[PDB]
file upload.pdb (PDB, C-alpha atoms)
ATOM      1  CA  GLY A   1      -8.904   6.660  44.652  1.00  0.00           C
ATOM      2  CA  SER A   2      -9.300   4.623  41.487  1.00  0.00           C
ATOM      3  CA  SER A   3     -11.589   2.171  39.734  1.00  0.00           C
ATOM      4  CA  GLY A   4     -12.281   0.468  36.426  1.00  0.00           C
ATOM      5  CA  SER A   5     -13.161  -2.765  34.663  1.00  0.00           C
ATOM      6  CA  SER A   6     -12.500  -2.638  30.940  1.00  0.00           C
ATOM      7  CA  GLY A   7     -13.268  -5.487  28.570  1.00  0.00           C
ATOM      8  CA  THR A   8     -11.791  -7.476  25.708  1.00  0.00           C
ATOM      9  CA  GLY A   9     -12.872  -9.513  22.706  1.00  0.00           C
ATOM     10  CA  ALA A  10     -11.726 -10.866  19.362  1.00  0.00           C
ATOM     11  CA  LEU A  11     -13.315 -12.698  16.456  1.00  0.00           C
ATOM     12  CA  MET A  12     -12.089 -13.227  12.915  1.00  0.00           C
ATOM     13  CA  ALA A  13     -10.993 -15.747  10.312  1.00  0.00           C
ATOM     14  CA  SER A  14      -7.876 -16.822  12.169  1.00  0.00           C
ATOM     15  CA  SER A  15      -6.351 -13.370  12.468  1.00  0.00           C
ATOM     16  CA  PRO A  16      -6.700 -11.556  15.800  1.00  0.00           C
ATOM     17  CA  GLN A  17      -3.751  -9.291  15.094  1.00  0.00           C
ATOM     18  CA  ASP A  18      -1.176 -10.907  12.839  1.00  0.00           C
ATOM     19  CA  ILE A  19      -0.529  -9.124   9.564  1.00  0.00           C
ATOM     20  CA  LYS A  20      -0.677 -11.804   6.894  1.00  0.00           C
ATOM     21  CA  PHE A  21       2.496 -10.456   5.331  1.00  0.00           C
ATOM     22  CA  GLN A  22       5.168  -8.839   7.470  1.00  0.00           C
ATOM     23  CA  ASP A  23       6.878  -7.431   4.400  1.00  0.00           C
ATOM     24  CA  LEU A  24       4.111  -6.189   2.136  1.00  0.00           C
ATOM     25  CA  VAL A  25       3.676  -2.545   3.063  1.00  0.00           C
ATOM     26  CA  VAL A  26       1.325  -0.982   0.541  1.00  0.00           C
ATOM     27  CA  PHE A  27       1.068   2.788   0.329  1.00  0.00           C
ATOM     28  CA  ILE A  28      -1.820   4.244  -1.638  1.00  0.00           C
ATOM     29  CA  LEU A  29      -1.286   7.647  -3.207  1.00  0.00           C
ATOM     30  CA  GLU A  30      -4.123  10.119  -2.803  1.00  0.00           C
ATOM     31  CA  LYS A  31      -3.046  12.134  -5.821  1.00  0.00           C
ATOM     32  CA  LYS A  32      -5.359  11.125  -8.641  1.00  0.00           C
ATOM     33  CA  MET A  33      -7.889   9.423  -6.398  1.00  0.00           C
ATOM     34  CA  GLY A  34      -8.871  11.199  -3.204  1.00  0.00           C
ATOM     35  CA  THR A  35      -9.307  10.327   0.453  1.00  0.00           C
ATOM     36  CA  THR A  36     -12.430   8.189   0.377  1.00  0.00           C
ATOM     37  CA  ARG A  37     -10.981   5.658  -2.037  1.00  0.00           C
ATOM     38  CA  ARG A  38      -7.415   6.100  -0.843  1.00  0.00           C
ATOM     39  CA  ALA A  39      -8.553   5.406   2.699  1.00  0.00           C
ATOM     40  CA  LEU A  40     -11.090   2.879   1.474  1.00  0.00           C
ATOM     41  CA  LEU A  41      -8.791   0.801  -0.701  1.00  0.00           C
ATOM     42  CA  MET A  42      -6.179   1.239   2.004  1.00  0.00           C
ATOM     43  CA  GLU A  43      -8.658  -0.130   4.515  1.00  0.00           C
ATOM     44  CA  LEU A  44      -9.828  -2.841   2.147  1.00  0.00           C
ATOM     45  CA  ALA A  45      -6.273  -4.054   1.673  1.00  0.00           C
ATOM     46  CA  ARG A  46      -5.682  -4.091   5.411  1.00  0.00           C
ATOM     47  CA  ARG A  47      -8.804  -6.182   5.872  1.00  0.00           C
ATOM     48  CA  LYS A  48      -7.109  -8.682   3.592  1.00  0.00           C
ATOM     49  CA  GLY A  49      -4.200  -8.687   6.014  1.00  0.00           C
ATOM     50  CA  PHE A  50      -1.960  -6.279   4.141  1.00  0.00           C
ATOM     51  CA  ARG A  51       0.097  -3.693   5.985  1.00  0.00           C
ATOM     52  CA  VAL A  52      -1.223  -0.442   4.567  1.00  0.00           C
ATOM     53  CA  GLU A  53       0.098   2.891   5.783  1.00  0.00           C
ATOM     54  CA  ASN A  54      -1.586   6.279   5.906  1.00  0.00           C
ATOM     55  CA  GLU A  55       1.778   7.994   5.633  1.00  0.00           C
ATOM     56  CA  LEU A  56       4.880   7.096   3.658  1.00  0.00           C
ATOM     57  CA  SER A  57       7.644   5.353   5.567  1.00  0.00           C
ATOM     58  CA  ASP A  58      10.834   3.358   5.151  1.00  0.00           C
ATOM     59  CA  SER A  59       8.602   0.341   5.646  1.00  0.00           C
ATOM     60  CA  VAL A  60       6.753   1.175   2.452  1.00  0.00           C
ATOM     61  CA  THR A  61       7.742  -1.542   0.011  1.00  0.00           C
ATOM     62  CA  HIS A  62       4.925  -0.960  -2.447  1.00  0.00           C
ATOM     63  CA  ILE A  63       3.385   2.351  -3.445  1.00  0.00           C
ATOM     64  CA  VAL A  64      -0.009   2.335  -5.119  1.00  0.00           C
ATOM     65  CA  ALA A  65      -1.078   5.121  -7.448  1.00  0.00           C
ATOM     66  CA  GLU A  66      -4.180   5.362  -9.605  1.00  0.00           C
ATOM     67  CA  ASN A  67      -3.854   7.035 -12.984  1.00  0.00           C
ATOM     68  CA  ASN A  68      -0.541   8.497 -11.883  1.00  0.00           C
ATOM     69  CA  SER A  69       2.384   7.075 -13.819  1.00  0.00           C
ATOM     70  CA  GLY A  70       5.550   5.546 -12.416  1.00  0.00           C
ATOM     71  CA  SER A  71       7.113   8.887 -13.264  1.00  0.00           C
ATOM     72  CA  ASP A  72       4.555  10.966 -11.405  1.00  0.00           C
ATOM     73  CA  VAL A  73       4.959   8.705  -8.397  1.00  0.00           C
ATOM     74  CA  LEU A  74       8.717   8.763  -8.842  1.00  0.00           C
ATOM     75  CA  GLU A  75       8.973  12.536  -9.001  1.00  0.00           C
ATOM     76  CA  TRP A  76       6.855  12.503  -5.865  1.00  0.00           C
ATOM     77  CA  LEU A  77       9.106   9.886  -4.312  1.00  0.00           C
ATOM     78  CA  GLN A  78      12.062  12.222  -4.676  1.00  0.00           C
ATOM     79  CA  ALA A  79       9.814  15.034  -3.506  1.00  0.00           C
ATOM     80  CA  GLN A  80       9.264  13.124  -0.286  1.00  0.00           C
ATOM     81  CA  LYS A  81      11.468  13.846   2.706  1.00  0.00           C
ATOM     82  CA  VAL A  82      11.229  10.362   4.168  1.00  0.00           C
ATOM     83  CA  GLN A  83      14.305   8.187   3.796  1.00  0.00           C
ATOM     84  CA  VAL A  84      13.830   4.693   2.419  1.00  0.00           C
ATOM     85  CA  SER A  85      16.390   1.924   2.737  1.00  0.00           C
ATOM     86  CA  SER A  86      15.120   0.387  -0.480  1.00  0.00           C
ATOM     87  CA  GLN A  87      13.072   2.200  -3.095  1.00  0.00           C
ATOM     88  CA  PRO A  88       9.469   0.976  -2.896  1.00  0.00           C
ATOM     89  CA  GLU A  89       7.623  -0.652  -5.771  1.00  0.00           C
ATOM     90  CA  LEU A  90       5.440   1.522  -7.970  1.00  0.00           C
ATOM     91  CA  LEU A  91       2.322  -0.161  -9.299  1.00  0.00           C
ATOM     92  CA  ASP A  92      -1.070   1.007 -10.507  1.00  0.00           C
ATOM     93  CA  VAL A  93      -4.124   0.657  -8.300  1.00  0.00           C
ATOM     94  CA  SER A  94      -4.897  -2.258 -10.587  1.00  0.00           C
ATOM     95  CA  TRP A  95      -2.401  -4.057  -8.383  1.00  0.00           C
ATOM     96  CA  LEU A  96      -3.912  -2.946  -5.095  1.00  0.00           C
ATOM     97  CA  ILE A  97      -7.346  -3.626  -6.533  1.00  0.00           C
ATOM     98  CA  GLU A  98      -6.232  -7.150  -7.348  1.00  0.00           C
ATOM     99  CA  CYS A  99      -4.044  -7.654  -4.301  1.00  0.00           C
ATOM    100  CA  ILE A 100      -7.389  -7.252  -2.576  1.00  0.00           C
ATOM    101  CA  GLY A 101      -9.554  -9.561  -4.651  1.00  0.00           C
ATOM    102  CA  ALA A 102      -6.536 -11.840  -4.520  1.00  0.00           C
ATOM    103  CA  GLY A 103      -6.011 -11.293  -0.812  1.00  0.00           C
ATOM    104  CA  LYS A 104      -2.341 -11.623  -1.681  1.00  0.00           C
ATOM    105  CA  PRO A 105       0.482  -9.687  -3.356  1.00  0.00           C
ATOM    106  CA  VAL A 106      -0.331 -10.591  -6.940  1.00  0.00           C
ATOM    107  CA  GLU A 107       2.659 -11.104  -9.203  1.00  0.00           C
ATOM    108  CA  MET A 108       4.173  -8.110 -10.955  1.00  0.00           C
ATOM    109  CA  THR A 109       4.533  -9.001 -14.616  1.00  0.00           C
ATOM    110  CA  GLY A 110       4.682  -5.313 -15.449  1.00  0.00           C
ATOM    111  CA  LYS A 111       1.081  -4.440 -16.218  1.00  0.00           C
ATOM    112  CA  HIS A 112       0.811  -3.847 -12.490  1.00  0.00           C
ATOM    113  CA  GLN A 113       3.953  -1.736 -12.505  1.00  0.00           C
ATOM    114  CA  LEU A 114       3.513   1.904 -13.443  1.00  0.00           C
ATOM    115  CA  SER A 115       6.971   2.560 -14.838  1.00  0.00           C
ATOM    116  CA  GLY A 116      10.670   2.300 -14.080  1.00  0.00           C
ATOM    117  CA  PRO A 117      14.126   3.336 -15.307  1.00  0.00           C
ATOM    118  CA  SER A 118      14.315   0.231 -17.462  1.00  0.00           C
ATOM    119  CA  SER A 119      16.187   0.500 -20.741  1.00  0.00           C
ATOM    120  CA  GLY A 120      17.522  -2.938 -21.592  1.00  0.00           C
TER     121      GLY A 120
END
call {"tool": "encode", "arguments": {"input": "upload.pdb", "output": "structure tokens"}}
result
Amino acid sequence: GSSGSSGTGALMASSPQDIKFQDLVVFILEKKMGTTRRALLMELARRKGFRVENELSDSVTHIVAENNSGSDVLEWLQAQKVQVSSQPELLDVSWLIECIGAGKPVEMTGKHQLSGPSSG
């Protein structure tokens, strides 16, 4: 015995299920923010077409953090147990906030960046 029907449907601005960027994984950090926003912003970005992740992964190429400094995020990075093939980018929410209003991965002139081991 068995039965069913199920249904389908799709409607959007040319984007049924094709992440705009297949190399723009943005990871929002709850620390110094919360869930609401974290999830919100994270969801907002996705809506733009970005590939946001609830949990850190090797796919994470960009890590967002509000208030937190590149150091704070860094220390956390090392604190993580996930292995990354290439250290992700650390930028302030200001980037994610823009990346949204920009619907694209705004350029990183630095202001967006939190901090890095840059000397020279």
call {"tool": "resolve_selection", "arguments": {"input": "upload.pdb", "expression": "the PyMOL selection byres ((chain A and resi 100-116) around 10)", "output": "MDAnalysis selection string"}}
result
chainID A and resid 20:21 24 26 41:42 44:50 62:74 89:99 117:119
call {"tool": "closest_residue", "arguments": {"input": "upload.pdb", "among": "A:39, A:33, A:10, A:77", "to": "residue 58 of chain A", "atoms": "all atoms listed in the file"}}
result
A:77
call {"tool": "atom_distance", "arguments": {"input": "upload.pdb", "atom1": "atom CA of residue 83 of chain A", "atom2": "atom CA of residue 30 of chain A"}}
result
19.7 Å
call {"tool": "closest_residue", "arguments": {"input": "upload.pdb", "among": "A:1, A:86, A:52, A:78", "to": "residue 27 of chain A", "atoms": "only C-alpha atoms"}}
result
A:52
call {"tool": "atom_distance", "arguments": {"input": "upload.pdb", "atom1": "atom CA of residue 18 of chain A", "atom2": "atom CA of residue 40 of chain A"}}
result
20.4 Å
call {"tool": "atom_distance", "arguments": {"input": "upload.pdb", "atom1": "atom CA of residue 54 of chain A", "atom2": "atom CA of residue 29 of chain A"}}
result
9.2 Å
call {"tool": "closest_residue", "arguments": {"input": "upload.pdb", "among": "A:6, A:32, A:51, A:84", "to": "residue 19 of chain A", "atoms": "all atoms listed in the file"}}
result
A:51
call {"tool": "axis_aligned_box", "arguments": {"input": "upload.pdb", "around": "segment 70-80 of chain A", "padding_each_side": "8 Å", "output": "JSON"}}
result
{"center_x": 8.3, "center_y": 10.3, "center_z": -6.8, "size_x": 23.5, "size_y": 25.5, "size_z": 29.0}
